[PDB]
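From first to last, the protein sequence lines stand for chains B and A.
One point on numbering: in the authors' numbering, the residue at position 203 of the first sequence is 194, and numbering is uninterrupted.
One point on numbering: in the authors' numbering, the residue at position 204 of the second sequence is 201, and numbering is uninterrupted.
All C-beta atoms, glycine included, are put in the ideal place defined by N, C-alpha and C.
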Amino acid sequence: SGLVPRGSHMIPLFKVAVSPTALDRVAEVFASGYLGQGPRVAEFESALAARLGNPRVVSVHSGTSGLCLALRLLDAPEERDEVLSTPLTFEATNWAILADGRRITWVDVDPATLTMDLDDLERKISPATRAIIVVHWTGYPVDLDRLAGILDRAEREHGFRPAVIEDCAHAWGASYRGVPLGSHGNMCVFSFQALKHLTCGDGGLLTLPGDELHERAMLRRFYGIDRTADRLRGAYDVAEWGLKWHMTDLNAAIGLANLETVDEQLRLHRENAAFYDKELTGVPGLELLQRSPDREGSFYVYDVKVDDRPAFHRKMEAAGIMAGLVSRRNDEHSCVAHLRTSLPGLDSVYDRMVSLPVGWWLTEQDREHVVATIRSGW
Amino acid sequence: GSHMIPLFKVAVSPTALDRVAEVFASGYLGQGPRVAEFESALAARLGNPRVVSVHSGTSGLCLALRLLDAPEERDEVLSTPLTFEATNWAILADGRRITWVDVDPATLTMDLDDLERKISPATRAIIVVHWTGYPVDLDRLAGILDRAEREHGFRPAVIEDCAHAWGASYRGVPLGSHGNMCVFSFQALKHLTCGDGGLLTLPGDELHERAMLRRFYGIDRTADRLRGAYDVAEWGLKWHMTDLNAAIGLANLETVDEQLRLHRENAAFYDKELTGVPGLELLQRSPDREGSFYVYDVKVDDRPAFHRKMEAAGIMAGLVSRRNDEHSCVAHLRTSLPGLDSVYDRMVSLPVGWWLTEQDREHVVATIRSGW
């Protein structure tokens, strides 16, 4: 009630992980006298590259910036103007496409996993298809090998093989068939926004599958300016323009601190999801998601599909549990009213979808309370 | 051997870390109540209530360009190439076409005559840069547009790039209140720094409401997002500022005026003590305005000798940026710019900021007057 609640206690769906040593690492940056892109950013990138097994990482200001950069690095004719993406993502994923001046073609959703319908994808690839953005939504890796096959066939068909940009905002630490995300031949964009697993306050990371892309990215993330050039004497050339997409030492310092604690919290994420997977089977009116075991997700949130959801919502509210949508389906926004397509898959789950708290911040008592409340019916 | 005087430097209040620590203690690192505090503080100084904080000056520009309502066929943005690259790359990222406008060799700002000639039926907007802190003749620019509007319907928009001009005024009025969108920068090297940050000021309420939405994906943050009860009428990106940086800006607001005073005080010294130097031409600055002197601009003869002289004297001197039209990524946009051509091999920027001891500024003048 404006400045209150209902007697006591609430369970949040998202929360910010801030290592106690973060302020320490920040004070060291202030002591350095340099707040821009410095040695800490370099330190961060080496740390991340080590974990990911991909040396071609490029830290950026935010995940959205990483997506924007990734789309600029695409070399393809202006007549390939179509980007295939699903409307069940965060708006950043699709607004990045509009900012790049391209056209969105909506791809449907797999009601089993609430990720992109790879069947529907293959049908919609056309000669105009510039690229495809796949989102490992809420932490679950999309079938990458299958996607490779889909592209293999599309290439064999009409000349070009479309680029794939993986949106890994929710999927830090995730792997696919034993291989960490970032190492499957696609550009990948991680997010280090406050609510994400590894947070820099705000931040992001673009990993590249090749050296030529890597180099272009190192440059274009800062206006196209070689930062080691004698700029004072005007001795540099911008071969490809860019914007302010890089990450500064201030945020890199935070991310370095949270790397100390991210693994444990990721473990708890998966451990709580496991608990839910176990204790929520065979609940009437609740349909769990089917997850393939050849991959390991990150469970940004726990997605379920429910009957009589408005009641379920009321139930969670009374029980003091935050539950709902990460985002509205992006295609319903009036600013893309013209791109509407029939998406039967999503049309069938969107009134049933709901995300549940599953993060590291849940006490045992908390996850037991969610299960208790859910099983006690609605 | 020893000692160097830098052209740019980062001003960071001792209370900055305090303000950041208070923010961690808040548990919220996103766009919150500190950002709102900062914006109120800034609106107070600028006398413009319609302020919108953004992630960086460049983001402010990009946002400003998106707010423009104009038909897609007006694909022309007028800008001068003697700016920081950000001013113009923002134009390209918006997918428009740049038409270069020349430079007035007296002030090293946009040649408003050349501008008047170049306003075309394709003209979408005009970006004027108060380069290095010196306000453009805004009243004259208003006339140019006034006439262009009377003539055939459309009045192109003006975006003032105030990255170098925090605190600057024009005919008694602080930048930000002259009827144009303005974009300030709080980047590390700027007068008021947030570590990184910027501020977009709007001249009207409708632009303001829109900028508030579009700086964060077009998503109303007070909306019931959890229940999907919000609508994005115009898309946007992550252009907004978080509490983390807003806090730093709040700390530095405490010290920015004094440092700005010293910028101008050091520039005054130079204006006095560098007249009548053979081979050195000062810039002629108008008295109906008050600049901010990001750097001190002069034009010199036999510049390569000059450079070597400063380097020998342990003085950092040179260019903020290469003229933008010379970059290979805009080779297709090259145009004849005689005005700029006549100064670009004579240009040099000199340290004028708050970090200069009395001893330092004397050392610069001494070194310059002793010839090269």
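Determine the direct distance from the alpha carbon of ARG218(B) to that of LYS306(A), and round the result to whole angstroms.
Rounded to whole angstroms, the separation of the alpha carbons of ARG218(B) and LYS306(A) is 25 Å.
Would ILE156(B) and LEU58(B) be called neighbours here (beta carbons separated by less than 8 Å)?
It is a contact, given that the beta carbons lie within the stated cut-off.
Span of the beta strand (DSSP E) around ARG94(A)
94 to 97 is the span of the beta strand (DSSP E), which, as asked, contains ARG94(A).
Within 8 Å, do at least three Cβ pairs link the segment 221 to 229 of chain A to the segment 92 to 107 of chain A?
The segment 92 to 107 of chain A vs the segment 221 to 229 of chain A: no contact.
Can you pull the DSSP bridge partners for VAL51(A)?
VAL51(A) is bridged by DSSP to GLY195(A).
Should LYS235(A) be flagged as near chain B, meaning a C-beta pair shorter than 8 Å?
Closer than 8 Å: yes.
Where does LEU316(A) fall in DSSP's three states?
DSSP places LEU316(A) in coil when its eight states are reduced to three.
Let me know if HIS324(B) comes out buried or exposed under the rule of 16 or more other beta-carbons within 10 Å of its beta-carbon.
By the 16-neighbour rule on beta-carbons within 10 angstroms, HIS324(B) is buried.
Measuring straight from C-alpha to C-alpha, what distance separates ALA264(A) and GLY130(A)?
Put simply, the backbone Cα of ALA264(A) is about 11 Å away from that of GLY130(A).
Would a check of beta-carbon distances place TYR293(A) closer than 8 Å to chain B?
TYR293(A) is outside the set of residues whose beta carbon lies under 8 Å from a beta carbon in chain B.
Terminal residues of the continuous beta strand (DSSP E) containing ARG121(A)?
Residues 120 to 126.
Sub-8 Å separation of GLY173(A) and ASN242(A) beta-carbons
Cβ distance not < 8 Å, so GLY173(A) and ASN242(A) don't count as in contact.
In chain A, which residues lie less than 7 Å from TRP86(B) when you measure between Cβ atoms?
Those are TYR214, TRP232, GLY233 and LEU234, listed as they occur along chain A.
Going by Cα to Cα distance, which pick from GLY194(B), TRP232(B), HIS188(B) and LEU189(B) is closest to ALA208(B)?
If we check each option's Cα against that of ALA208(B), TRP232(B) comes out closest.
Can you give, in chain order, each stretch of the beta strand (DSSP E) that sits fully within the segment 234 to 282 of chain B and has at least 3 residues?
With a minimum length of 3 residues, no continuous beta strand (DSSP E) run stays inside the segment 234 to 282 of chain B.
Report the three-state DSSP secondary structure of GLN28(A) (helix, strand or coil).
In the three-state DSSP reduction, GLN28(A) falls in the coil class, being neither helix nor strand.
Report the option in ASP15(B), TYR214(B), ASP101(B) and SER10(B) whose CA atom is closest to the CA atom of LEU14(A).
The shortest Cα separation from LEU14(A) among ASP15(B), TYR214(B), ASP101(B) and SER10(B) belongs to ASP15(B).
Among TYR167(B), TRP97(B), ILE2(B) and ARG71(B), the one whose alpha carbon lies nearest that of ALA328(B)
Nearest option by C-alpha distance: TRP97(B).
If you compare alpha carbons, which of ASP72(A), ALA363(A) and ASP110(A) is closest to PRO118(A)?
Comparing Cα-Cα distances from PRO118(A) to each of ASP72(A), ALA363(A) and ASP110(A), the minimum goes to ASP72(A).
Where does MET178(A) fall in DSSP's three states?
Reduced to three states, the DSSP call for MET178(A) is strand.
Please report the residue range of the alpha helix (DSSP H) in which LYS115(B) lies.
Unbroken alpha helix (DSSP H) run through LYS115(B): 109 to 115.
Can you confirm whether the segment 332 to 344 of chain A touches the segment 259 to 275 of chain A when touching is taken to mean that 3 or more C-beta pairs between the two stretches lie within less than 8 Å?
With a cut-off of 8 Å on Cβ pairs, the segment 259 to 275 of chain A is not in contact with the segment 332 to 344 of chain A, counting fewer than three such pairs.
Less than 6 Å between C-beta atoms, sequence neighbours within five positions excluded: which residues of the same chain meet that for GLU278(B)?
Excluding residues up to 5 positions away in sequence, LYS296 lie with their Cβ nearer than 6 Å to the Cβ of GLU278(B) in the same chain.
When Cβ atoms are compared, which residues of the segment 238 to 267 of chain B fall closer than 7 Å to chain A?
Residues are counted here when their Cβ sits less than 7 Å from a Cβ of chain A; for the segment 238 to 267 of chain B these are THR239 and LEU241, given in chain order.
Between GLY246(A) and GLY315(A), which are expected to be in contact by the criterion C-beta below 8 Å, what is the C-beta distance as a whole number of angstroms?
The C-beta distance from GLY246(A) to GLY315(A) rounds to 29 Å, too long to meet the 8 Å contact threshold.
Under the three-state reduction of DSSP, which class applies to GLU157(B): helix, strand or coil?
The answer is strand: DSSP assigns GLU157(B) an E or B state.
Quick one: using the 10 Å Cβ neighbour count with 16 as the cut-off for buried, is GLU255(A) buried or exposed?
With fewer than 16 other beta carbons inside 10 angstroms of its own, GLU255(A) counts as exposed.
So which residues on chain A does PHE21(B) lean against when the C-beta distance must stay under 9 Å?
The contacting residues are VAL9, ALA13, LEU14 and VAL17.
Taking C-alpha atoms, which residue in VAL317(B), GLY276(B) and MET344(B) lies nearest to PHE5(B)?
Among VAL317(B), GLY276(B) and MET344(B), the Cα nearest to that of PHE5(B) is on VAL317(B).
Quick one: which chain B residues come within Cβ less than 7 Å of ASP193(A)?
Within chain B, the residues near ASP193(A) are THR239.
Amino acids of chain B, ordered along the chain, whose beta-carbon sits closer than 8 Å to that of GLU82(A):
By Cβ distance, chain B contributes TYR214, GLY215, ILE216, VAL229 and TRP232.
By how many angstroms is the C-alpha of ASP101(B) removed from the C-alpha of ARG343(B)?
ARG343(B) and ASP101(B) have their C-alpha atoms some 14 Å from each other.
Distance, Cα to Cα, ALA8(B) vs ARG144(B)?
If I take the Cα positions, the gap works out to 43 Å.
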